[PDB]
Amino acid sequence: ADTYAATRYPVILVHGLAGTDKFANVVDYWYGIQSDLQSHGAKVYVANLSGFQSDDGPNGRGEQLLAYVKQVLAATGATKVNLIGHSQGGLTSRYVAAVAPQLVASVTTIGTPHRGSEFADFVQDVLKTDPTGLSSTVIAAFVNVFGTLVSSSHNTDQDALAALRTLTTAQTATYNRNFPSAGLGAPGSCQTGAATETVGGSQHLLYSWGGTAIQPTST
């Protein structure tokens, strides 16, 4: 073991794709990553937001993540946390940084649809005509992948579709108006914003990365 990943503040991994049934097993979502980071001295905490839908609102994932962060802070004696979120988890992490800036040291987003997902939009459109969405091979293959990533459920079809509602262009548009961040570039520019942000009297380090395996071709 060593101290390569031994940050000053605890690291909270925040999943995005989750089921609608609270307390599902999320230990393998960040596959092999918790043990790797622990071997390098990190204090890793994996949030479980399964059972909560949207990020904002009194019973959204944001208030749940905030409560989890306060629990980690009360237990450790630490004053702040580093939030690393994947997919929706990046939006959930932004909620906590906005409503409780003094508890956050950094926000890192991985594959987060800050401006929405065109696949979520496509599914919204298809559901107006086929409410199950299973007539579409592309939707059915996604549903099956979702099912394999999360713990067993009798209702994978429903949960996989539910997972995309928060990620539409329209939903995320409202979210960004409600929860602005200097980390976001101007709408329609396809550019990032600032590397840091001052929210209360707190400075936040802001980061992100994404994958571009799927490229457009003429054929």
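Counting begins at 1, following the sequence as shown.
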item	value
Between the two ranges 147-155 and 62-70, the one averaging a larger CA B factor in the entry	147-155
Per the entry, higher mean C-alpha B factor between 111-119 and 76-84	76-84
Lowest, middle or highest third - CA B-factor, residue 22	highest
Ranked C-alpha temperature factor of residue 3 among modelled chain residues, by third	middle
For residue 160, the third of its chain into which the C-alpha B factor falls	highest
Ranked against its chain, the third holding the CA B-factor of residue 104	middle
CA B-factor ranking of residue 52, expressed as a third of its chain	highest
